[PDB]
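Enquirer: Sending over a structure as structure tokens; questions will come in a sec.
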Amino acid sequence: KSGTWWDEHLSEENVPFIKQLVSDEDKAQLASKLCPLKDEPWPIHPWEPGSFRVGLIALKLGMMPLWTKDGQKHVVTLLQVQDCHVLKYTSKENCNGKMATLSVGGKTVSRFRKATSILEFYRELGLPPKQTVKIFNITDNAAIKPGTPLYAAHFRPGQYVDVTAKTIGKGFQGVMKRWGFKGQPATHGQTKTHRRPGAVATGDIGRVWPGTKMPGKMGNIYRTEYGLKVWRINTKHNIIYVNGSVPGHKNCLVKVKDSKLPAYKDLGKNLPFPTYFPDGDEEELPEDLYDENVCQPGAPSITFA
Amino acid sequence: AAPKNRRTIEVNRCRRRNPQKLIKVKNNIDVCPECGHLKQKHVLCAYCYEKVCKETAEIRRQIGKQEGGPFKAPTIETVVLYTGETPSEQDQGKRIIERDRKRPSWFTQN
Amino acid sequence: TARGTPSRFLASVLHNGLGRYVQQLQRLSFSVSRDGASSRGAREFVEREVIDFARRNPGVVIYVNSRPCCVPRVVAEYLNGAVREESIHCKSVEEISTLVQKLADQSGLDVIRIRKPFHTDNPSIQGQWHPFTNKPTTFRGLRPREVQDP
Amino acid sequence: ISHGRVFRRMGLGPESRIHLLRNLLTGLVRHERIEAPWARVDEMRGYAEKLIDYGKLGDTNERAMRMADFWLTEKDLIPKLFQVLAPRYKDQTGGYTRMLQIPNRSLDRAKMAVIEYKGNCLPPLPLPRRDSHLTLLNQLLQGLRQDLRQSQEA
Amino acid sequence: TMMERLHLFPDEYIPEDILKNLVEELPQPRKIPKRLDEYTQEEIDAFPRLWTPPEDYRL
RNA sequence: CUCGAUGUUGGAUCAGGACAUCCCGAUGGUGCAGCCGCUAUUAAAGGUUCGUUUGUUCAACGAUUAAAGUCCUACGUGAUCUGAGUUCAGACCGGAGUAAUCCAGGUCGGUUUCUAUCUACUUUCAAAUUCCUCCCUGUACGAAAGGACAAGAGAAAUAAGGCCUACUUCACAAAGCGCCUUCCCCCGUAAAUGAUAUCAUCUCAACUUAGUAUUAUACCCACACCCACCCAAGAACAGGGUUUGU
RNA sequence: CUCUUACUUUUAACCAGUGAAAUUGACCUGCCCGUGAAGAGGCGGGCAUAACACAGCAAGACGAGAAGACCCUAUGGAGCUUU
RNA sequence: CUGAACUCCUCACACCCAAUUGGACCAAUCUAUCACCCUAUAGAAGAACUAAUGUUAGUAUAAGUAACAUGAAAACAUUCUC
RNA sequence: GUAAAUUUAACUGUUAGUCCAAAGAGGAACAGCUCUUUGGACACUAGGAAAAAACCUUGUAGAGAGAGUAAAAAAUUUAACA
RNA sequence: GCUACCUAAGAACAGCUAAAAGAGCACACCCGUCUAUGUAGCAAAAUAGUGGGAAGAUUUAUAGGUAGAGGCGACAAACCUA
Ligand code: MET
Ligand SMILES: [K+]
Ligand SMILES: [K+]
Ligand SMILES: [K+]
Ligand SMILES: [K+]
Ligand SMILES: [K+]
Ligand SMILES: [K+]
Ligand SMILES: [K+]
Ligand SMILES: [K+]
Ligand SMILES: [K+]
Ligand SMILES: [Mg+2]
Ligand SMILES: [Mg+2]
Ligand SMILES: [Mg+2]
Ligand SMILES: [Mg+2]
Ligand SMILES: [Mg+2]
Ligand SMILES: [Mg+2]
Ligand SMILES: [Mg+2]
Ligand SMILES: [Mg+2]
Ligand SMILES: [Mg+2]
Ligand SMILES: [Mg+2]
Ligand SMILES: [Mg+2]
Ligand SMILES: [Mg+2]
Ligand SMILES: [Mg+2]
Ligand SMILES: [Mg+2]
Ligand SMILES: [Mg+2]
Ligand SMILES: [Mg+2]
Ligand SMILES: [Mg+2]
Ligand SMILES: [Mg+2]
Ligand SMILES: [Mg+2]
Ligand SMILES: [Mg+2]
Ligand SMILES: [Mg+2]
Ligand SMILES: [Mg+2]
Ligand SMILES: [Mg+2]
Ligand SMILES: [Mg+2]
Ligand SMILES: [Mg+2]
Ligand SMILES: [Mg+2]
Ligand SMILES: [Mg+2]
Ligand SMILES: [Mg+2]
Ligand SMILES: [Mg+2]
Ligand SMILES: [Mg+2]
Ligand SMILES: [Mg+2]
Ligand SMILES: [Mg+2]
Ligand SMILES: [Mg+2]
Ligand SMILES: [Mg+2]
Ligand SMILES: [Mg+2]
Ligand SMILES: [Mg+2]
Ligand SMILES: [Mg+2]
Ligand SMILES: [Mg+2]
Ligand SMILES: [Mg+2]
Ligand SMILES: [Mg+2]
Ligand SMILES: [Mg+2]
Ligand SMILES: [Mg+2]
Ligand SMILES: [Mg+2]
Ligand SMILES: [Mg+2]
Ligand SMILES: [Mg+2]
Ligand SMILES: [Mg+2]
Ligand SMILES: [Mg+2]
Ligand SMILES: [Mg+2]
Ligand SMILES: [Mg+2]
Ligand SMILES: [Mg+2]
Ligand SMILES: [Mg+2]
Ligand SMILES: [Mg+2]
Ligand SMILES: [Mg+2]
Ligand SMILES: [Mg+2]
Ligand SMILES: [Mg+2]
Ligand SMILES: [Mg+2]
Ligand SMILES: [Mg+2]
Ligand SMILES: [Mg+2]
Ligand SMILES: [Mg+2]
Ligand SMILES: [Mg+2]
Ligand SMILES: [Mg+2]
Ligand SMILES: [Mg+2]
Ligand SMILES: [Mg+2]
Ligand SMILES: [Mg+2]
Ligand SMILES: [Mg+2]
Ligand SMILES: [Mg+2]
Ligand SMILES: [Mg+2]
Ligand SMILES: [Mg+2]
Ligand SMILES: [Mg+2]
Ligand SMILES: [Mg+2]
Ligand SMILES: [Mg+2]
Ligand SMILES: [Mg+2]
Ligand SMILES: [Mg+2]
Ligand SMILES: [Mg+2]
Ligand SMILES: [Mg+2]
Ligand SMILES: [Mg+2]
Ligand SMILES: [Mg+2]
Ligand SMILES: [Mg+2]
Ligand SMILES: [Mg+2]
Ligand SMILES: [Zn+2]
């Protein structure tokens, strides 16, 4: 009845062996999916207006500045794609919604810390378990066979994307930090009232309205940044350079999807559909893809003339 | 502020006997193989640790007798010897602490 | 009140009165005091009333025990096994006779609330109502919006 | 918001925290095995590891002597650091101390830990040992390991 | 609880399980009036003409 | 109703609501040329400044603004705060009184308690508002003076939500003074076609158009390793990682 | 102050020991509108509604505390002044 | 058609107003005399408490809450920090 | 048509009043306002007007798993013209 | 035995400036201006900081005196065992 862990009863000799055994299997499983187009891929339909493709799951490495050809400085966030595979496809009828859903995972983690139901789900799929799984709403023509790897070349420079991740949790916070209340003065007589909310309601109602701003847990919730331009794509390390900042701390897993803003609708004509297949590409892409206005590091100095 | 009304025993029993306030049964209790007494998986055995501390206390008392005062820490290594034992080749040049008892089985000589 | 007291349904003992009527009272035990002032009415009942009462109830055995007692009592035992003890303390001869006659006419069941002032083992003769009692049948028993021979 | 804070808040302040760890560290060097609350031992453990590194710099190093002078309140332990403890771990690049949790203190039910320098003359602690290789689970894994090596050679 | 026994469907579609356990169809409370084009010629002929329009009226 | 107590101005804080609308939106009329106005219908989503004097609500004044709206909320809110005013005990001045003492007269000073039992509440919406500049254009309009709207482009402010590459307070990180992102509609009327009433008539006549969204979409989404350790997770609990368990 | 932020200590929260006080008709202790001794958790019409901890908040329980000090009443007192 | 404690129906009947007033009974206690598993007839009186911010005692509630405490290691010798 | 009334003897309590209808006065042909008069109701029961002291129905008391009734539900939709 | 004032006989007041001081700066000491905390508190008037005085009408130990129709009071209707 006592709880157990994977290496509780293992001897001194077995622990290095078990770690090597599972680690080698994970690398073999990931290497077996490197050629999706040679393992009976699903039909690839051409892109059509109104079609929505799948996104990726990326890890927020950090932020880095870049400069454009007009001299302006833009700070971008590096999002690295780490072991991103399509996990499950659900048909439009079975999704209970208006569109078919495609499940995507990322950041392969240990099998010893996952539930049995999850472990057997990945055993059939033949992939190591993923830390985070996100559901993407797609059209029928954008369906991708489960187990297909996803790479940062799925996006291209000049594209606008949306990034969703859990924000940095600041714990239980007062109204001054959580809601930006002005608080009370520091001097002139104030008695034990400097950061307090003050009045919370009127005297007539005799109750606090639901949804009133009060101290409580701050952050640690999912937020989305819309209209983040993609400036640079690093195909070697699978890194996406998205404009500005994205929610969440560094080394966190984010959800990258094509922007839903109306201004960027139907801009996927030149984007890969349903995704990017490096194995089937006729000519290998260069290491770094730059936007037309990005000053590359090897470019000469900016001269206004 | 003061209570508006007295809280009944029926209300009090629900708060006091809530499972959040009840003691949780521990499942990490196991028998120590060396002595047979109980111990936790991540915690050293109380019986065995006391056994080591009792011998450690005796050794430290003998150390103080040789030092004979404060600020008398030697600049050489220390070796503990028991009855019927002699210093070895690797123990030459080290401070010798003699205990007037047979060497414990669990205290392996090095 | 009704909620704070037990309840039962109206019933009889061995279906009394169906084939024949059997007096449910079985035994009466009187305790009178020779000198007790509170037993004056009880002594009057024994002198002239209990002898005639025994004639009219040959099936009831009456025990009159004369012993010192402050509160005279009469104990009534019935065929079903119920025992009821009633006090005749400072009661006149007429009141005792009414009380004794009341005990003889009772069936011995508990004097508590009776849910229904009637009882019947055959409440229905033509058949108890069920939802299909007044529902006509359809050809081939077809349900609404059902297609036959698809 | 204690994000990224690696130093505990103990004692009466920052200076009192150092003095509390220094007294524990000084006691650790003299006796080579001390017991204290778990949090204080864990906080002090990092300093004990780096104290030996300064000992390996040699007593001729002025900076090492100054660091040893501050952290050893009893000056007889300074020769011990540079001539006993430091030569002891000459062939070790780390792991100078082992920290183990002991039952809670009797008085205040505080979480207690024991920390010692490896290689001391004191009787060994009842170190936790993994299951023997001859157990049923380990025998099955050993047979699996032999099979893989045989197949790899073939 | 009573609402849990109430099943509402926007159109003529009803689940097969719900259909298989139906018993009786209640009559509709309101009689649906027939449109002008739903009347048969016999009914139209039955209703008499009430007035004689002028022959020279454009209508 | 309350004197075996329902605590008063004004301010701070947080604001809930009404529309009899100050600004922004859509319209009718004009003694509406245009630019500015006046008046009326419709609209409560959003916004509605900083200061000198005064305890002030006001008011006056300075500089702005698309605008610096009117009211209700126990004159919203003192178990959140302030105590300048007001309103005890001290004192002064003028006045009334023989005096004690008094004066919606002024003036100086003058204790603002409460450890939350109950109700309610403690991440609602993840669609944004507005100004200015350039351009249209010195065009429409007008004798001249003067001088647009619509479309398009750009740059800001505020608000909401995040973030730490740099700057800055700082330094394993938290922050702003810094950076990033921010998306639908508003019904008043103006017009056709055409009956009652064979013209006409925008229609609580049948009907057509400006004219409308099942607010679109997005977010969330699997589950005993779990004794223990770590954590960008956290009051506790929970949650993430341990293939980083000497 | 514009306009707040960071860290330390105390407090805090959790664990162990010891263990108060005002308060308390009974409570199985919701919201809206209406009503009513004129401001309802308990009444009327609706709406909402498995159970039970922990930490916050101070809109309400006309919250707790002090048989209102203001005001008036009493053929109830008292200090002071006086033709 | 529904609809009262109105009225009728079966049985019974002193058995729904504040202040106040009249009347019929009665718990327990003591005494006279009875009674003798707890009563009777009378005479007596410290003769009956869901309420006085009542008095005294017991124990709850708020509450296991507020609050309170021991510098560190060690051989308990001693040393160290402030 | 009815069964009360006065007198005699012995006392207590009530003597701080609310709404409705009606005739008036004061105010403002204001007040859940104030003051009189006539009557009702309330400070007693029950039903009804939603909740409801004062409007309506109805009073003399108990039991019933009978019955007839009393008061008792809000109606309304409009601008052509020679 | 607190406090108001008084009586007898005692004690304390560093350093600096000026050297004359109900003089200045400033410890001990006396007092309690302002603010925060505290408000069943450490305290039935305190803590922390900042302040007034500090050779004088100073502060203070001991014993004694004045007692309620009163005492005492550099008048605050002060103080006379919270
Ligand atoms: C009016 O001012 C009244 N509240 C009296 C204030 S002093 C007790
Ligand atoms: K009052
Ligand atoms: K508004
Ligand atoms: K002022
Ligand atoms: K309550
Ligand atoms: K017309
Ligand atoms: K800062
Ligand atoms: K409150
Ligand atoms: K004190
Ligand atoms: K004296
Ligand atoms: Mg956090
Ligand atoms: Mg501030
Ligand atoms: Mg103050
Ligand atoms: Mg205070
Ligand atoms: Mg403060
Ligand atoms: Mg209220
Ligand atoms: Mg931390
Ligand atoms: Mg501490
Ligand atoms: Mg009260
Ligand atoms: Mg205010
Ligand atoms: Mg508001
Ligand atoms: Mg309007
Ligand atoms: Mg309106
Ligand atoms: Mg607007
Ligand atoms: Mg016009
Ligand atoms: Mg107010
Ligand atoms: Mg309040
Ligand atoms: Mg106020
Ligand atoms: Mg004042
Ligand atoms: Mg004067
Ligand atoms: Mg006056
Ligand atoms: Mg002052
Ligand atoms: Mg004043
Ligand atoms: Mg106060
Ligand atoms: Mg306060
Ligand atoms: Mg509070
Ligand atoms: Mg909560
Ligand atoms: Mg324009
Ligand atoms: Mg912000
Ligand atoms: Mg026509
Ligand atoms: Mg025509
Ligand atoms: Mg026309
Ligand atoms: Mg026309
Ligand atoms: Mg677990
Ligand atoms: Mg607390
Ligand atoms: Mg108490
Ligand atoms: Mg009490
Ligand atoms: Mg309940
Ligand atoms: Mg409830
Ligand atoms: Mg109300
Ligand atoms: Mg209700
Ligand atoms: Mg709570
Ligand atoms: Mg109160
Ligand atoms: Mg209040
Ligand atoms: Mg009073
Ligand atoms: Mg007065
Ligand atoms: Mg008076
Ligand atoms: Mg009088
Ligand atoms: Mg008198
Ligand atoms: Mg009836
Ligand atoms: Mg009846
Ligand atoms: Mg009767
Ligand atoms: Mg009796
Ligand atoms: Mg008697
Ligand atoms: Mg008595
Ligand atoms: Mg009692
Ligand atoms: Mg009492
Ligand atoms: Mg308790
Ligand atoms: Mg505790
Ligand atoms: Mg509490
Ligand atoms: Mg505490
Ligand atoms: Mg302390
Ligand atoms: Mg201490
Ligand atoms: Mg009289
Ligand atoms: Mg009146
Ligand atoms: Mg009258
Ligand atoms: Mg009365
Ligand atoms: Mg009613
Ligand atoms: Mg009757
Ligand atoms: Mg003298
Ligand atoms: Mg001097
Ligand atoms: Mg002087
Ligand atoms: Mg003194
Ligand atoms: Mg003095
Ligand atoms: Mg001076
Ligand atoms: Mg005397
Ligand atoms: Mg004096
Ligand atoms: Mg005076
Ligand atoms: Mg005075
Ligand atoms: Zn053991």
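Simple scheme: letters A, B, ... for chains in structure tokens order, numbers from 1 for residues in each chain, numbers from 1 for ligands in the order shown.
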Could you give me, as a list in words, the residues within 10 Å of residue 251 of chain A, counting only C-alpha atoms (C1' of nucleotides) and dropping anything in the same chain fewer than 4 positions from it?

Expert: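 The residues that qualify are residues 58, 59, 60, 61, 62, 79 and 80 of chain A; 232 of chain F.
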
Enquirer: Could you please write out, as number ranges by chain, every residue of chain B that DSSP assigns to helix (DSSP H, G or I)?

Expert: B: 9-16, 46-67

Enquirer: Could you tell me, counting only C-alpha atoms (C1' of nucleotides) and all ligand atoms, which protein and nucleic acid residues lie no more than 12 Å from ligand 84, written as a list in words?

Expert: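 For ligand 84, the residues inside 12 Å are residues 30, 31, 32, 52, 53, 57, 58, 59 and 74 of chain J.
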
Enquirer: Near residue 121 of chain D, counting only C-alpha atoms (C1' of nucleotides), which residues have an atom at most 7 Å away, once you skip same-chain residues fewer than 5 positions from it, shown as JSON, numbers by chain?

Expert: {"B": [78, 79, 80]}

Enquirer: Can you pull out the residues contacting residue 22 of chain E? Cut-off 12 Å, using only C-alpha atoms (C1' of nucleotides), and skip same-chain residues under 6 positions away; I want them as an MDAnalysis selection string.

Expert: (chainID C and resid 141:146) or (chainID E and resid 7 14:16)

Enquirer: Give the residue list for ligand 74 at 10 Å, counting only C-alpha atoms (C1' of nucleotides) and all ligand atoms, as a ChimeraX atom specification, sorted by chain and then by residue number.

Expert: /I:11-13

Enquirer: Suppose we keep N, CA and C atoms (P, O5', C5', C4', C3', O3' and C1' of nucleotides); can you now write the selection as a PDB file, in the first residue's frame?

Expert:
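After the write, again_27.pdb holds the following:
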```
ATOM      1  P     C I  11     -65.384  49.715  49.759  1.00  0.00           P
ATOM      2  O5'   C I  11     -64.250  49.078  48.845  1.00  0.00           O
ATOM      3  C5'   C I  11     -63.832  49.714  47.649  1.00  0.00           C
ATOM      4  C4'   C I  11     -63.258  48.714  46.679  1.00  0.00           C
ATOM      5  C3'   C I  11     -62.499  49.288  45.496  1.00  0.00           C
ATOM      6  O3'   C I  11     -61.179  49.687  45.821  1.00  0.00           O
ATOM      7  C1'   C I  11     -63.982  47.624  44.735  1.00  0.00           C
ATOM      8  P     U I  12     -60.497  50.910  45.036  1.00  0.00           P
ATOM      9  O5'   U I  12     -59.829  50.221  43.767  1.00  0.00           O
ATOM     10  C5'   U I  12     -58.896  49.165  43.929  1.00  0.00           C
ATOM     11  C4'   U I  12     -58.847  48.263  42.722  1.00  0.00           C
ATOM     12  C3'   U I  12     -58.379  48.897  41.425  1.00  0.00           C
ATOM     13  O3'   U I  12     -56.971  49.014  41.348  1.00  0.00           O
ATOM     14  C1'   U I  12     -60.304  47.589  41.016  1.00  0.00           C
ATOM     15  P     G I  13     -56.294  50.373  40.823  1.00  0.00           P
ATOM     16  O5'   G I  13     -56.291  50.218  39.237  1.00  0.00           O
ATOM     17  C5'   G I  13     -55.662  49.111  38.609  1.00  0.00           C
ATOM     18  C4'   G I  13     -56.331  48.767  37.302  1.00  0.00           C
ATOM     19  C3'   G I  13     -56.318  49.855  36.241  1.00  0.00           C
ATOM     20  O3'   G I  13     -55.110  49.874  35.502  1.00  0.00           O
ATOM     21  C1'   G I  13     -58.502  48.955  36.437  1.00  0.00           C
TER      22        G I  13
END
```

Enquirer: Find the residues of chain F in contact range of chain A, meaning any atom within 6 Å when counting only C-alpha atoms (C1' of nucleotides), and list them as number ranges by chain.

Expert: F: 13-14, 76-77, 80-81, 120-122, 162-163, 165, 180-181, 183, 223, 225, 232, 243

Enquirer: Would you pick out the contacts of residue 49 of chain C at 12 Å or less, using only C-alpha atoms (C1' of nucleotides), so that residues sharing its chain but fewer than 2 positions from it are not included, and give the list as a compact mmCIF listing (two decimals) with N, CA and C atoms, in the first residue's frame?

Expert:
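So the final result, stored in selection_3.txt, reads:
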```
# COMPACT_ATOMS: atom_id res chain seq x y z
N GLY C 41 -63.85 3.98 46.81
CA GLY C 41 -64.63 3.62 45.63
C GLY C 41 -64.32 2.22 45.14
N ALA C 42 -63.05 1.81 45.25
CA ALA C 42 -62.68 0.46 44.83
C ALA C 42 -63.37 -0.59 45.68
N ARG C 43 -63.46 -0.36 46.99
CA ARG C 43 -64.17 -1.29 47.86
C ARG C 43 -65.66 -1.35 47.51
N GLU C 44 -66.25 -0.19 47.20
CA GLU C 44 -67.66 -0.16 46.81
C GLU C 44 -67.89 -0.96 45.53
N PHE C 45 -66.96 -0.87 44.58
CA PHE C 45 -67.08 -1.63 43.34
C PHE C 45 -67.04 -3.13 43.61
N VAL C 46 -66.16 -3.57 44.51
CA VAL C 46 -66.03 -4.99 44.79
C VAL C 46 -67.27 -5.52 45.49
N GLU C 47 -67.86 -4.72 46.38
CA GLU C 47 -68.98 -5.20 47.19
C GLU C 47 -70.19 -5.55 46.33
N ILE C 51 -69.21 -8.51 41.19
CA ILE C 51 -69.89 -9.80 41.12
C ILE C 51 -70.82 -9.85 39.91
N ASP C 52 -71.59 -8.79 39.69
CA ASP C 52 -72.46 -8.75 38.52
C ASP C 52 -71.66 -8.63 37.23
N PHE C 53 -70.54 -7.90 37.27
CA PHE C 53 -69.70 -7.76 36.08
C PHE C 53 -69.10 -9.10 35.68
N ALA C 54 -68.75 -9.93 36.66
CA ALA C 54 -68.21 -11.25 36.35
C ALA C 54 -69.25 -12.14 35.70
N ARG C 55 -70.52 -11.98 36.06
CA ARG C 55 -71.58 -12.76 35.42
C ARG C 55 -71.68 -12.43 33.93
N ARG C 56 -71.60 -11.15 33.59
CA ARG C 56 -71.76 -10.72 32.20
C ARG C 56 -70.53 -10.99 31.35
N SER C 92 -65.06 7.30 42.19
CA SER C 92 -66.33 6.79 42.68
C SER C 92 -66.65 5.45 42.03
N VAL C 93 -67.68 4.79 42.55
CA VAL C 93 -68.07 3.49 42.03
C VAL C 93 -68.51 3.60 40.58
N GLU C 94 -69.24 4.67 40.24
CA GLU C 94 -69.68 4.85 38.86
C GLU C 94 -68.50 5.06 37.92
N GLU C 95 -67.51 5.85 38.34
CA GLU C 95 -66.34 6.09 37.49
C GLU C 95 -65.53 4.82 37.29
N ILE C 96 -65.41 3.99 38.33
CA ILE C 96 -64.69 2.73 38.20
C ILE C 96 -65.43 1.80 37.25
N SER C 97 -66.76 1.72 37.38
CA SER C 97 -67.54 0.85 36.51
C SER C 97 -67.43 1.28 35.05
N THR C 98 -67.44 2.59 34.79
CA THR C 98 -67.24 3.08 33.43
C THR C 98 -65.85 2.73 32.92
N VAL C 100 -63.88 0.21 33.96
CA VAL C 100 -63.78 -1.23 33.76
C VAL C 100 -64.50 -1.65 32.49
N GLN C 101 -65.69 -1.09 32.25
CA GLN C 101 -66.42 -1.40 31.03
C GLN C 101 -65.68 -0.92 29.79
```

Enquirer: Please identify every polymer residue within 10 Å of ligand 76, using only C-alpha atoms (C1' of nucleotides) and all ligand atoms, and present the set as a list in words.

Expert: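 So, counting only C-alpha atoms (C1' of nucleotides) and all ligand atoms, the residues near ligand 76 are residues 17, 38, 39, 40 and 41 of chain I.
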
Enquirer: Pull N, CA, C and O atoms (P, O5', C5', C4', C3', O3' and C1' of nucleotides) from the residues just selected and write them as a PDB file, in the first residue's frame.

Expert:
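Output (result18.pdb):
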```
ATOM      1  P     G I  17     -53.777  59.553  23.735  1.00  0.00           P
ATOM      2  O5'   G I  17     -54.021  58.125  23.075  1.00  0.00           O
ATOM      3  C5'   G I  17     -52.946  57.399  22.490  1.00  0.00           C
ATOM      4  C4'   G I  17     -53.270  56.921  21.097  1.00  0.00           C
ATOM      5  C3'   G I  17     -53.898  57.959  20.165  1.00  0.00           C
ATOM      6  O3'   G I  17     -53.416  57.725  18.844  1.00  0.00           O
ATOM      7  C1'   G I  17     -55.303  56.085  20.306  1.00  0.00           C
ATOM      8  P     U I  38     -70.333  61.967  18.978  1.00  0.00           P
ATOM      9  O5'   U I  38     -70.920  61.235  17.692  1.00  0.00           O
ATOM     10  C5'   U I  38     -72.209  61.565  17.198  1.00  0.00           C
ATOM     11  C4'   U I  38     -72.516  60.832  15.919  1.00  0.00           C
ATOM     12  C3'   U I  38     -72.064  59.385  15.851  1.00  0.00           C
ATOM     13  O3'   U I  38     -72.909  58.490  16.552  1.00  0.00           O
ATOM     14  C1'   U I  38     -71.454  60.476  13.861  1.00  0.00           C
ATOM     15  P     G I  39     -72.256  57.324  17.442  1.00  0.00           P
ATOM     16  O5'   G I  39     -71.790  56.240  16.373  1.00  0.00           O
ATOM     17  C5'   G I  39     -72.743  55.577  15.559  1.00  0.00           C
ATOM     18  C4'   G I  39     -72.112  54.948  14.342  1.00  0.00           C
ATOM     19  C3'   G I  39     -71.020  53.924  14.592  1.00  0.00           C
ATOM     20  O3'   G I  39     -71.511  52.661  14.994  1.00  0.00           O
ATOM     21  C1'   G I  39     -70.341  55.381  12.874  1.00  0.00           C
ATOM     22  P     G I  40     -70.566  51.671  15.835  1.00  0.00           P
ATOM     23  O5'   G I  40     -69.571  51.077  14.745  1.00  0.00           O
ATOM     24  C5'   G I  40     -70.069  50.375  13.617  1.00  0.00           C
ATOM     25  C4'   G I  40     -68.992  50.120  12.597  1.00  0.00           C
ATOM     26  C3'   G I  40     -67.780  49.349  13.089  1.00  0.00           C
ATOM     27  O3'   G I  40     -68.004  47.953  13.159  1.00  0.00           O
ATOM     28  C1'   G I  40     -67.061  51.219  11.853  1.00  0.00           C
ATOM     29  P     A I  41     -67.457  47.114  14.413  1.00  0.00           P
ATOM     30  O5'   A I  41     -65.947  46.797  14.027  1.00  0.00           O
ATOM     31  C5'   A I  41     -65.632  46.173  12.793  1.00  0.00           C
ATOM     32  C4'   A I  41     -64.241  46.524  12.333  1.00  0.00           C
ATOM     33  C3'   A I  41     -63.114  46.187  13.291  1.00  0.00           C
ATOM     34  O3'   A I  41     -62.741  44.822  13.259  1.00  0.00           O
ATOM     35  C1'   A I  41     -62.826  48.384  12.506  1.00  0.00           C
TER      36        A I  41
END
```

Enquirer: How far is it from atom CA of residue 29 of chain D to atom CA of residue 50 of chain D, in Å with one decimal?

Expert: 12.7 Å

Enquirer: Which residues, written as a VMD selection string, have at least one atom at most 10 Å from residue 42 of chain A, with only C-alpha atoms (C1' of nucleotides) counted and residues fewer than 5 positions away on the same chain left out?

Expert: chain A and resid 36 to 37 141 to 146

Enquirer: Distance limit 8 Å, reference ligand 8, atoms considered: only C-alpha atoms (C1' of nucleotides) and all ligand atoms. Which residues make the cut? Give them as a list in words.

Expert: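 After applying the 8 Å limit, what remains is residues 79 and 116 of chain F; 58, 59, 60 and 63 of chain G.
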
Enquirer: Using only C-alpha atoms, find which residues of chain B lie within 7 Å of chain D and jot them down as a PyMOL selection string.

Expert: chain B and resi 43-44+46+48-49+52+56+71-80+107

Enquirer: What lies within 10 Å of residue 69 of chain F using only C-alpha atoms (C1' of nucleotides), ignoring chain neighbours under 3 positions off, as a ChimeraX atom specification?

Expert: /F:21-23,48

Enquirer: Please identify all protein, DNA and RNA residues within 9 Å of ligand 77, counting only C-alpha atoms (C1' of nucleotides) and all ligand atoms, and report them as a VMD selection string.

Expert: (chain H and resid 18 to 19) or (chain I and resid 17 43)

Enquirer: In terms of the shortest atom-to-atom distance over only C-alpha atoms (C1' of nucleotides) and all ligand atoms, which of G:19, G:47, G:11, G:67 is closest to ligand 19?

Expert: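 Using only C-alpha atoms (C1' of nucleotides) and all ligand atoms, the shortest distance to ligand 19 belongs to G:67.
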